[PDB]
Each structure stands twice: as structure tokens, then as C-alpha cells.
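Colleague: My structure file upload.pdb, PDB, C-alpha atoms, is below:
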```pdb
ATOM      1  CA  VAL A   1       0.000   0.000   0.000
ATOM      2  CA  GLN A   2       1.271   3.493  -0.848
ATOM      3  CA  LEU A   3       0.440   7.174  -1.299
ATOM      4  CA  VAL A   4       1.639   8.759  -4.554
ATOM      5  CA  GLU A   5       1.883  12.535  -4.950
ATOM      6  CA  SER A   6       1.945  14.746  -8.022
ATOM      7  CA  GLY A   7       0.851  18.166  -9.220
ATOM      8  CA  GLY A   8       3.946  20.011  -8.004
ATOM      9  CA  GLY A   9       5.651  22.675 -10.058
ATOM     10  CA  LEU A  10       7.106  26.147 -10.361
ATOM     11  CA  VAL A  11       4.965  29.253 -10.951
ATOM     12  CA  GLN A  12       5.068  33.010 -10.485
ATOM     13  CA  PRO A  13       3.452  34.585  -7.421
ATOM     14  CA  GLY A  14      -0.315  34.789  -7.786
ATOM     15  CA  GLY A  15      -0.505  31.474  -9.609
ATOM     16  CA  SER A  16      -2.144  28.333  -8.325
ATOM     17  CA  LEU A  17      -1.373  24.623  -8.202
ATOM     18  CA  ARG A  18      -3.312  21.509  -7.282
ATOM     19  CA  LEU A  19      -1.528  18.663  -5.548
ATOM     20  CA  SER A  20      -2.853  15.104  -5.654
ATOM     21  CA  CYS A  21      -2.498  12.273  -3.110
ATOM     22  CA  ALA A  22      -3.390   8.941  -4.709
ATOM     23  CA  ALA A  23      -3.748   5.701  -2.759
ATOM     24  CA  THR A  24      -2.760   2.304  -4.141
ATOM     25  CA  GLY A  25      -4.184  -0.669  -2.251
ATOM     26  CA  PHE A  26      -6.731   0.969   0.056
ATOM     27  CA  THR A  27      -9.788   3.247  -0.153
ATOM     28  CA  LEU A  28      -9.296   6.801   1.105
ATOM     29  CA  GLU A  29     -13.055   7.136   1.778
ATOM     30  CA  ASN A  30     -12.510   5.730   5.303
ATOM     31  CA  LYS A  31      -9.374   7.713   6.246
ATOM     32  CA  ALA A  32      -8.140  11.181   7.145
ATOM     33  CA  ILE A  33      -5.530  12.699   4.839
ATOM     34  CA  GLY A  34      -3.319  15.514   6.062
ATOM     35  CA  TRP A  35      -0.924  17.742   4.168
ATOM     36  CA  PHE A  36       2.384  19.053   5.500
ATOM     37  CA  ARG A  37       5.182  21.202   4.111
ATOM     38  CA  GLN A  38       8.899  21.105   4.868
ATOM     39  CA  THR A  39      12.035  22.901   3.785
ATOM     40  CA  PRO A  40      15.430  21.250   4.507
ATOM     41  CA  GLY A  41      16.795  22.199   7.878
ATOM     42  CA  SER A  42      13.343  23.009   9.286
ATOM     43  CA  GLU A  43      10.606  20.945  10.848
ATOM     44  CA  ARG A  44       7.548  19.796   8.915
ATOM     45  CA  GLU A  45       4.490  21.921   9.477
ATOM     46  CA  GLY A  46       0.860  21.052   9.045
ATOM     47  CA  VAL A  47      -1.213  22.659   6.336
ATOM     48  CA  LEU A  48      -4.684  21.179   6.053
ATOM     49  CA  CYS A  49      -6.379  17.851   6.765
ATOM     50  CA  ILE A  50      -9.663  16.322   5.658
ATOM     51  CA  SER A  51     -11.280  13.797   7.981
ATOM     52  CA  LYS A  52     -13.112  10.590   7.085
ATOM     53  CA  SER A  53     -16.376  12.439   7.587
ATOM     54  CA  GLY A  54     -15.227  15.309   5.359
ATOM     55  CA  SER A  55     -14.524  18.063   7.881
ATOM     56  CA  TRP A  56     -11.570  20.358   7.133
ATOM     57  CA  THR A  57      -9.042  20.984   9.889
ATOM     58  CA  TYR A  58      -6.624  23.868   9.286
ATOM     59  CA  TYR A  59      -3.263  23.254  10.940
ATOM     60  CA  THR A  60      -1.921  26.532   9.521
ATOM     61  CA  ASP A  61      -3.417  29.822  10.707
ATOM     62  CA  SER A  62      -2.074  31.636   7.634
ATOM     63  CA  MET A  63      -4.054  32.340   4.466
ATOM     64  CA  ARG A  64      -6.681  29.676   5.154
ATOM     65  CA  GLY A  65      -8.876  30.756   2.250
ATOM     66  CA  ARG A  66      -6.084  30.019  -0.233
ATOM     67  CA  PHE A  67      -5.906  26.285   0.598
ATOM     68  CA  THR A  68      -8.770  23.962  -0.243
ATOM     69  CA  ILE A  69      -9.053  20.191  -0.006
ATOM     70  CA  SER A  70     -11.251  17.624  -1.704
ATOM     71  CA  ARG A  71     -11.683  13.872  -1.920
ATOM     72  CA  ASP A  72     -12.449  12.020  -5.153
ATOM     73  CA  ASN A  73     -13.584   8.512  -4.227
ATOM     74  CA  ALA A  74     -13.985   7.370  -7.840
ATOM     75  CA  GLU A  75     -10.250   8.057  -8.291
ATOM     76  CA  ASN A  76      -9.210   7.147  -4.683
ATOM     77  CA  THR A  77      -7.402  10.485  -4.509
ATOM     78  CA  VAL A  78      -7.296  13.567  -2.291
ATOM     79  CA  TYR A  79      -6.465  16.975  -3.760
ATOM     80  CA  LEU A  80      -4.902  20.065  -2.181
ATOM     81  CA  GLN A  81      -5.615  23.219  -4.173
ATOM     82  CA  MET A  82      -3.345  26.183  -3.434
ATOM     83  CA  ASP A  83      -4.415  29.594  -4.802
ATOM     84  CA  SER A  84      -2.764  33.038  -4.691
ATOM     85  CA  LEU A  85       0.670  31.479  -4.294
ATOM     86  CA  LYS A  86       3.450  33.486  -2.619
ATOM     87  CA  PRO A  87       7.229  32.942  -2.456
ATOM     88  CA  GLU A  88       6.919  31.943   1.232
ATOM     89  CA  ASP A  89       4.868  28.939   0.042
ATOM     90  CA  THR A  90       7.959  27.371  -1.557
ATOM     91  CA  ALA A  91       8.594  23.990   0.088
ATOM     92  CA  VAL A  92       8.303  20.245  -0.311
ATOM     93  CA  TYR A  93       4.683  19.135   0.244
ATOM     94  CA  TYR A  94       3.718  15.722   1.690
ATOM     95  CA  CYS A  95       0.425  13.963   2.164
ATOM     96  CA  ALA A  96      -0.049  11.451   4.957
ATOM     97  CA  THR A  97      -2.582   9.042   6.394
ATOM     98  CA  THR A  98      -2.807   7.159   9.684
ATOM     99  CA  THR A  99      -4.123   3.710  10.489
ATOM    100  CA  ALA A 100      -4.204   4.554  14.166
ATOM    101  CA  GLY A 101      -6.195   7.653  15.061
ATOM    102  CA  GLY A 102      -9.382   6.343  13.367
ATOM    103  CA  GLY A 103     -10.126   8.811  10.581
ATOM    104  CA  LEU A 104      -9.563  11.953  12.659
ATOM    105  CA  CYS A 105      -7.381  14.938  11.849
ATOM    106  CA  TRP A 106      -6.119  15.468  15.439
ATOM    107  CA  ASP A 107      -3.741  18.412  15.350
ATOM    108  CA  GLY A 108      -0.673  18.875  13.171
ATOM    109  CA  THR A 109       2.029  17.476  15.458
ATOM    110  CA  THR A 110      -0.065  14.479  16.538
ATOM    111  CA  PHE A 111      -1.153  13.554  13.011
ATOM    112  CA  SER A 112       2.379  13.811  11.645
ATOM    113  CA  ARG A 113       3.790  11.597  14.410
ATOM    114  CA  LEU A 114       0.964   9.045  14.121
ATOM    115  CA  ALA A 115       1.082   8.853  10.318
ATOM    116  CA  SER A 116       1.638   5.342   8.970
ATOM    117  CA  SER A 117       1.837   6.141   5.211
ATOM    118  CA  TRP A 118       3.647   9.126   3.663
ATOM    119  CA  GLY A 119       3.646  10.421   0.114
ATOM    120  CA  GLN A 120       7.009  10.685  -1.585
ATOM    121  CA  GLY A 121       6.987  14.498  -1.447
ATOM    122  CA  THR A 122       6.501  17.043  -4.260
ATOM    123  CA  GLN A 123       8.314  20.302  -4.851
ATOM    124  CA  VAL A 124       6.279  23.536  -4.969
ATOM    125  CA  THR A 125       8.267  26.633  -5.952
ATOM    126  CA  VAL A 126       6.913  30.179  -6.287
ATOM    127  CA  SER A 127       9.409  32.479  -7.941
TER     128      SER A 127
END
```
Let's see the structure in the file written out as C-alpha cells.

Modeller:
Amino acid sequence: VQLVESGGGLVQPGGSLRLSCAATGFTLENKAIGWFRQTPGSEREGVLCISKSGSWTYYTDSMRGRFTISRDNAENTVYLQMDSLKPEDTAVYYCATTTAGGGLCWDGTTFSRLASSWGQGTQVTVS
């Protein structure tokens, strides 16, 4: 079982990107998927999580309206849309899911430490 990311890229400020988190081997409909960003030499930080029941938990307190999240069950994929991109958004982005924690988003530190599957990471650069 694995989580596969894509949709990264490099755009000017003001652009937008949509990241995807695709599951092979299991159905995301019953799980919570959380997104995190990291730059080398700094700790991961939560962005946004969608629970099994579909609630959105914002780990970040910055620019909440720019980040949106959706689940496509037909494709077994979760999407993170990022609008109005700024240079400070440049980072590697990861999705993650937990088997423990039972479909809840928790908070950012808890979810990241509990996570049992990680995406491979995708580069987002705003220049």
C-alpha cells in the first residue's frame, strides 16, 4: 500500500497549483488525509487535513482561504488546491494518512507523528 503525490511545479506569485495524493491498495473514503510542508533544515508543518467524515481541519493559521481540499472517491485520490501562491509557500509538500487515530485529523504534530503512510513528497516553488 502506498500514497503517490503529483501536481507540483514552479509558478510566479499569484498562480495556483493543485496537488494530488493517490492511494494504491486501500480506499481513502474511510481515512483522514493531512498535508504538510517542509524545507530542509526546518521541521515539517501542518497545512490542512480532511477527515473521514469530510470536515476540514486547518493546521496553519495563515491564508486559510487560499488552501482547499477535496476527496475524489472514484479516483481514490485527495487533492490540495493552493491559490494566490506566494514565495513563502515554496517547500516540499507531503500527504499522509494514519491507520491509528481512526479517521480523525487530530492536530498537526499528533497527526504527523501518528502517520503510517507518507507520500514521496513534491516540490512547490513560487518564484

Colleague: Quick one: everything within 9 Å of residue A:29, counting all atoms listed in the file, minus sequence neighbours fewer than 5 positions away in the same chain. Send it as a PyMOL selection string.

Modeller: chain A and resi 52-53+71-73+76

Colleague: So which residues touch residue A:98 within 7 Å, counting only C-alpha atoms, skipping near sequence neighbours fewer than 4 positions away, as a PDB file with C-alpha atoms, keeping the file's coordinate frame?

Modeller:
```pdb
ATOM      1  CA  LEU A 114       0.964   9.045  14.121  1.00  0.00           C
ATOM      2  CA  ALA A 115       1.082   8.853  10.318  1.00  0.00           C
ATOM      3  CA  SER A 116       1.638   5.342   8.970  1.00  0.00           C
ATOM      4  CA  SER A 117       1.837   6.141   5.211  1.00  0.00           C
TER       5      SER A 117
END
```

Colleague: Quick one: everything within 7 Å of residue A:96, counting all atoms listed in the file, minus sequence neighbours fewer than 6 positions away in the same chain. Send it as a list in words.

Modeller: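 The neighbour list is residues 33, 34, 35, 115, 117, 118 and 119 of chain A.
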
Colleague: Excluding residue A:88 and residues on its chain fewer than 5 positions from it, collect all residues at most 12 Å away from it, counting all atoms listed in the file, and give them as a PyMOL selection string.

Modeller: chain A and resi 12-14+37-39+62-63+124-127

Colleague: Check the smallest atom-to-atom distance from each of A:66, A:106, A:51, A:74 to residue A:86 using only C-alpha atoms, then report the winner.

Modeller: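 Among the listed residues, the smallest separation from residue A:86 belongs to A:66.
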
Colleague: Translate the PyMOL selection byres ((chain A and resi 95) around 10), as applied to the file shown, into an explicit residue set as a PyMOL selection string.

Modeller: chain A and resi 3-5+19-22+33-37+46-49+78-80+93-94+96-97+112+115+117-122

Colleague: With C-alpha atoms retained, write the just-selected residues as a tab-separated table (two decimals), in the frame of the given file.

Modeller:
```
chain	number	residue	atom	x	y	z
A	3	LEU	CA	0.44	7.17	-1.30
A	4	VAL	CA	1.64	8.76	-4.55
A	5	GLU	CA	1.88	12.54	-4.95
A	19	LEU	CA	-1.53	18.66	-5.55
A	20	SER	CA	-2.85	15.10	-5.65
A	21	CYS	CA	-2.50	12.27	-3.11
A	22	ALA	CA	-3.39	8.94	-4.71
A	33	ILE	CA	-5.53	12.70	4.84
A	34	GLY	CA	-3.32	15.51	6.06
A	35	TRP	CA	-0.92	17.74	4.17
A	36	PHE	CA	2.38	19.05	5.50
A	37	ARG	CA	5.18	21.20	4.11
A	46	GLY	CA	0.86	21.05	9.04
A	47	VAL	CA	-1.21	22.66	6.34
A	48	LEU	CA	-4.68	21.18	6.05
A	49	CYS	CA	-6.38	17.85	6.76
A	78	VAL	CA	-7.30	13.57	-2.29
A	79	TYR	CA	-6.46	16.98	-3.76
A	80	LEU	CA	-4.90	20.07	-2.18
A	93	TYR	CA	4.68	19.14	0.24
A	94	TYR	CA	3.72	15.72	1.69
A	96	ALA	CA	-0.05	11.45	4.96
A	97	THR	CA	-2.58	9.04	6.39
A	112	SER	CA	2.38	13.81	11.64
A	115	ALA	CA	1.08	8.85	10.32
A	117	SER	CA	1.84	6.14	5.21
A	118	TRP	CA	3.65	9.13	3.66
A	119	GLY	CA	3.65	10.42	0.11
A	120	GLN	CA	7.01	10.68	-1.58
A	121	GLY	CA	6.99	14.50	-1.45
A	122	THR	CA	6.50	17.04	-4.26
```

Colleague: Under the rule that only C-alpha atoms are counted, which of A:60, A:2, A:110, A:16 is the nearest residue to residue A:87?

Modeller: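 The answer is A:16, which sits nearest to residue A:87.
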
Colleague: Which residue out of A:8, A:40, A:15, A:25 has the minimum interatomic distance to residue A:77 when all atoms listed in the file are used?

Modeller: A:25

Colleague: Please determine, counting all atoms listed in the file, which residue among A:23, A:28, A:67, A:41 has the shortest atom-to-atom distance to residue A:54.

Modeller: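 Looking at the shortest contact to residue A:54, the residue is A:28.
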